[PDB]
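Trainee: When you line the sequence shown up against UniProt numbering, it's residues 11 to 358, in that order.
Here it is, the structure in full.
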Amino acid sequence: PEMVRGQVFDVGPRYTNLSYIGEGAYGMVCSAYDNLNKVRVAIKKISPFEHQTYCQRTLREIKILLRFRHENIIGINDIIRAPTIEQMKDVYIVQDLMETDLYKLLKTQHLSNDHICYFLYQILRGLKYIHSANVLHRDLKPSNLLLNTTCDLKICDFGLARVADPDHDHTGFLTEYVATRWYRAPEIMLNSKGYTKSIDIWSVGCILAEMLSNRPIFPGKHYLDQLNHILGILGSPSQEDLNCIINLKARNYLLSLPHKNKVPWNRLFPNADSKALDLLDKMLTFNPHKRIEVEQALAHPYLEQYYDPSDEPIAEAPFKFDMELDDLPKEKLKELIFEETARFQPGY
Ligand SMILES: COCCN1CCc2[nH]c(-c3ccnc(NC4CCOCC4)n3)cc2C1=O
Numbered sequence: 011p012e013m014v015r016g017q018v019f020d021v022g023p024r025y026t027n028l029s030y031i032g033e034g035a036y037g038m039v040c041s042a043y044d045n046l047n048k049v050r051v052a053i054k055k056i057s058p059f060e061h062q063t064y065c066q067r068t069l070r071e072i073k074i075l076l077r078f079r080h081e082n083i084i085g086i087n088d089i090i091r092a093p094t095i096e097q098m099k100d101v102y103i104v105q106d107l108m109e110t111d112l113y114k115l116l117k118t119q120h121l122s123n124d125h126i127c128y129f130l131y132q133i134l135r136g137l138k139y140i141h142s143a144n145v146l147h148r149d150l151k152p153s154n155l156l157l158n159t160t161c162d163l164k165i166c167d168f169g170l171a172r173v174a175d176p177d178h179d180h181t182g183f184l185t186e187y188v189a190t191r192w193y194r195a196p197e198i199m200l201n202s203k204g205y206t207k208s209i210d211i212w213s214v215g216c217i218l219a220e221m222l223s224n225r226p227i228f229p230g231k232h233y234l235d236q237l238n239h240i241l242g243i244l245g246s247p248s249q250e251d252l253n254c255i256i257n258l259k260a261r262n263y264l265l266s267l268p269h270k271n272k273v274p275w276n277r278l279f280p281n282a283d284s285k286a287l288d289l290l291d292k293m294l295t296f297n298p299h300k301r302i303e304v305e306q307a308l309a310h311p312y313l314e315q316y317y318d319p320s321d322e323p324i325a326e327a328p329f330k331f332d333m334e335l336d337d338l339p340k341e342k343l344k345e346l347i348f349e350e351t352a353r354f355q356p357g358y
């Protein structure tokens, strides 16, 4: 049993020579050597069993990744856990190892317009497959976009992913949210639970802006500050976009603000490709009903040298409904995680 940052990684003997590569609230990621396939891999230790919320998220992440197979999406190669429910303290997901992430890359490197175009194409190609499966990623950000030296990109971290539920998306003003602040769509703070595909498109728009300048476009200092940054650039929403906001607290908040004019994309990004800024504008649309969809984004003139719908696959088996796991206790969720991972066990 190897040890990384005071965390036991019970993955042997197949997986050895571990090294820290990432973290979350209830998990840790390591790189390791796979003695069977003779390659280095990424291993994610998930420790969710003490919290019901974490158990729901674990079962979703596993179920989703086991169904998905796409070049621009991190897959599951193996799942390690103890042979019995009693002995199962953690769950280890084995994934292909990637060299870096877009967050690490943007901290140090200027991207050429060809690199932005290629990385954006891959994000949208992977996102087309996810949305085609009736799934929402809900935490797209640069650290969840993995890269190698040949510029291949893979979307990772489906820990907050859900089946889309547009009929149950409505909520109140400033209602609590999980996903990362800077990549949060304005409707999250206003009237959305983030159960529609347009949530992911906003995050992609924030990522594109960030690839263009190496700086987050909307860097809210805290939860409440986020809408200030968005409206600071986009300007006051139109009468038509306000009439779509029917909860009075959110509407009246927006109506109380002094008029703010739109900051043109060409002033924020004076070196950017005019086609890239046109697509950015359509992704960073205030009204989610007017926001560009993934298949429209792929067909945008900015991506014309890559666009090929016959080479942009969709999911063979989309998820029909979400799982109703909210009332299920963490002990019952532990059982479903055990049953979902059974196929990877020796002597199965
Ligand atoms: C506790 O989990 C929370 C969510 N989450 C955190 C980030 C993350 N990274 C990887 C991963 C997979 C493959 N290859 C690499 N490679 C590294 C990229 C960065 O540079 C060093 C190598 N990372 C998976 C996850 C993940 O699911």
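By construction, the Cβ of each residue, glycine as well, lies at the ideal position given by its N, Cα and C atoms.
Curious, which full-length beta strand (DSSP E) runs of at least 3 residues does the segment 12-70 contain?
Mentor: Listed in chain order, they are 12-14, 17-19, 25-33, 37-44 and 49-56.
Trainee: Runs of 3 residues minimum, wholly inside the segment 152-199: which ones carry the beta strand (DSSP E) assignment?
Mentor: Runs of the beta strand (DSSP E) inside the segment 152-199: 155-157 and 163-165.
Trainee: In this structure, does DSSP put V214 in helix, strand or coil?
Mentor: Within the sequence shown, the letter at position 204 stands for residue 214. Reduced to three states, the DSSP call for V214 is helix.
Trainee: Give the secondary structure of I209 by DSSP, where H, G and I count as helix, E and B as strand, and everything else as coil.
Mentor: Along the sequence shown, read from residue 1 onward, the residue named residue 209 stands at position 199. Here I209 sits in helix by DSSP.
Trainee: In the DSSP assignment, find the unbroken alpha helix (DSSP H) run with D291 in it and report its ends.
Mentor: On the sequence shown, residue 291 is found 281 positions in, with the first residue counted as 1. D291 -> alpha helix (DSSP H) spans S284 to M293.
Trainee: Could you check what DSSP says for residue 392 in three-state terms: helix, strand or coil?
Mentor: Summary: the structure shown does not reach residue 392, with the chain confined to residues 11 through 358, and so no result is reported for it.
Trainee: Does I256 come out as helix, strand or coil in the three-state DSSP assignment?
Mentor: Numbered from 1 along the sequence shown, position 246 holds the residue referred to as residue 256. The answer is coil: DSSP assigns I256 none of H, G, I, E or B.
Trainee: Please go through the same chain and pick out, in chain order, the residues whose beta-carbon is closer than 6 Å to the beta-carbon of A286, but skip the five residues on each side of it.
Mentor: By one-based count along the sequence shown, residue 286 stands at place 276. Hits under 6 Å: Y312.
Trainee: Tell me the DSSP secondary structure of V273 in three-state form.
Mentor: Mapped onto the sequence shown, residue 273 falls at position 263. Residue state, collapsed to three classes: coil.
Trainee: Pick from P280, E314 and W192: whose alpha carbon is nearest that of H239?
Mentor: Residue mapping note: residue 239 aligns to position 229 of the sequence shown, counting from 1. For the residues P280, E314 and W192, the minimum Cα distance to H239 belongs to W192.
Trainee: Would you tell me roughly how many angstroms separate the C-alpha atoms of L278 and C161, rounded to the nearest one?
Mentor: Walking along the sequence shown from the start, residue 278 turns up at place 268. Walking along the sequence shown from the start, residue 161 turns up at place 151. Between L278 and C161, the C-alpha separation is close to 26 Å.
Trainee: With DSSP run on the structure shown, which of helix, strand or coil describes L146?
Mentor: Within the sequence shown, numbered from 1, the residue matching residue 146 stands at position 136. If DSSP states are grouped into helix, strand and coil, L146 belongs with the strands.
Trainee: So does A171 have its beta carbon nearer than 7 Å to some heavy atom of ligand 1?
Mentor: Translated into the one-based positions of the sequence shown, residue 171 becomes position 161. Checking the Cβ of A171 against ligand 1 gives no.
Trainee: What is the C-beta distance between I217 and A195, in whole angstroms, given that I count them as a contact (C-beta under 8 Å)?
Mentor: In the sequence shown, residue 217 corresponds to position 207, counting from 1. In the sequence shown, residue 195 corresponds to position 185, counting from 1. With 8 Å as the limit, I217 and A195 do not qualify as a contact, their Cβ atoms being about 13 Å apart.
Trainee: At the level of alpha carbons, what is the spacing between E109 and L252?
Mentor: Locating residue 109 in the sequence shown gives position 99, counting from the first residue. Locating residue 252 in the sequence shown gives position 242, counting from the first residue. Cα to Cα, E109 sits roughly 44 Å from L252.
Trainee: For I347, does the three-state DSSP call read helix, strand or coil?
Mentor: Position 337 of the sequence shown, counted from the start, is the residue given in the question as residue 347. Correct three-state label for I347: helix.
Trainee: To the nearest angstrom, report how far apart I198 and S213 are at their CA atoms.
Mentor: As a first step, residue 198 must be located in the sequence shown, where it is residue number 188. As a first step, residue 213 must be located in the sequence shown, where it is residue number 203. So the alpha carbons of these two residues sit roughly 12 Å apart.
Trainee: CA-CA distance, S248 and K73?
Mentor: Locating residue 248 in the sequence shown gives position 238, counting from the first residue. Locating residue 73 in the sequence shown gives position 63, counting from the first residue. If you take the alpha carbons of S248 and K73, they lie about 41 Å apart.
Trainee: For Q17, which residues from the same chain have a beta carbon less than 8 Å from its beta carbon, with the 5 sequence-adjacent residues on both sides left out?
Mentor: Taking the sequence shown and counting its residues from 1, the one referred to as residue 17 is at position 7. Result list for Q17: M38 and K55, in chain order.
Trainee: Is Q132 a contact residue of ligand 1, with contact defined as CB to any heavy atom under 7 Å?
Mentor: As a first step, residue 132 must be located in the sequence shown, where it is residue number 122. Checking the Cβ of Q132 against ligand 1 gives no.
Trainee: When DSSP labels each residue in this structure, what does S122 get in the three-state scheme?
Mentor: If you number the sequence shown from 1, residue 122 lands on position 112. It is coil, neither helix nor strand.
Trainee: Compute the Euclidean distance between the alpha carbons of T351 and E250, then round it to the nearest angstrom.
Mentor: On the sequence shown, residue 351 is found 341 positions in, with the first residue counted as 1. On the sequence shown, residue 250 is found 240 positions in, with the first residue counted as 1. Their Cα atoms are separated by approximately 49 Å.
Trainee: How would you write the range of the beta strand (DSSP E) that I89 sits in, first residue to last?
Mentor: One-based indexing of the sequence shown puts residue 89 at position 79. Element bounds for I89: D88 to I90.
Trainee: Going by C-alpha distance, which of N297, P274 and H299 is nearest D288?
Mentor: Residue numbering aside, residue 288 sits at position 278 when the sequence shown is read from its first letter. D288 has its Cα closest to that of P274, out of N297, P274 and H299.
Trainee: Would you grab the beta carbon distance between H147 and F168 for me? Rounded to a whole angstrom, and I think it's under 8 Å.
Mentor: By one-based count along the sequence shown, residue 147 stands at place 137. By one-based count along the sequence shown, residue 168 stands at place 158. Contact flag correct, Cβ pair sits at about 7 Å.
Trainee: With distances taken Cα to Cα, identify the nearest neighbour of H269 among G242, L258 and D283.
Mentor: Position 259 of the sequence shown, counted from the start, is the residue given in the question as residue 269. Closest option to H269, Cα to Cα, is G242.
Trainee: For ligand 1, I want to know if residue 10 counts as a neighbour, meaning its beta carbon is within less than 7 Å of at least one of the ligand's heavy atoms.
Mentor: Any answer about residue 10 is impossible in this case: the structure gives the chain only from 11 up to 358.
Trainee: Using only the alpha-carbon positions, how far apart do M13 and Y263 sit?
Mentor: Your numbering for residue 13 matches position 3 in the sequence shown. Your numbering for residue 263 matches position 253 in the sequence shown. If I take the Cα positions, the gap works out to 51 Å.
Trainee: Among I347, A42 and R67, which has the Cα closest to the Cα of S29?
Mentor: Translated into the one-based positions of the sequence shown, residue 29 becomes position 19. Comparing Cα positions, the closest option is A42.
Trainee: Rounded to a whole number of angstroms, what is the C-alpha to C-alpha distance between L75 and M333?
Mentor: Sequence index remark: in the sequence shown, residue 75 carries index 65 (1-based). Sequence index remark: in the sequence shown, residue 333 carries index 323 (1-based). Cα-Cα distance, rounded: 15 Å.
Trainee: Answer yes or no: do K330 and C65 have a C-beta to C-beta separation smaller than 8 Å?
Mentor: Position 320 of the sequence shown holds residue 330. Position 55 of the sequence shown holds residue 65. For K330 and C65, no; Cβs fall outside 8 Å.
Trainee: Going by the DSSP bridge assignment, what does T110 pair with across the sheet?
Mentor: Here the question's residue 110 lines up with position 100 in the sequence shown. Answer by DSSP bridge pairing, in chain order: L157.
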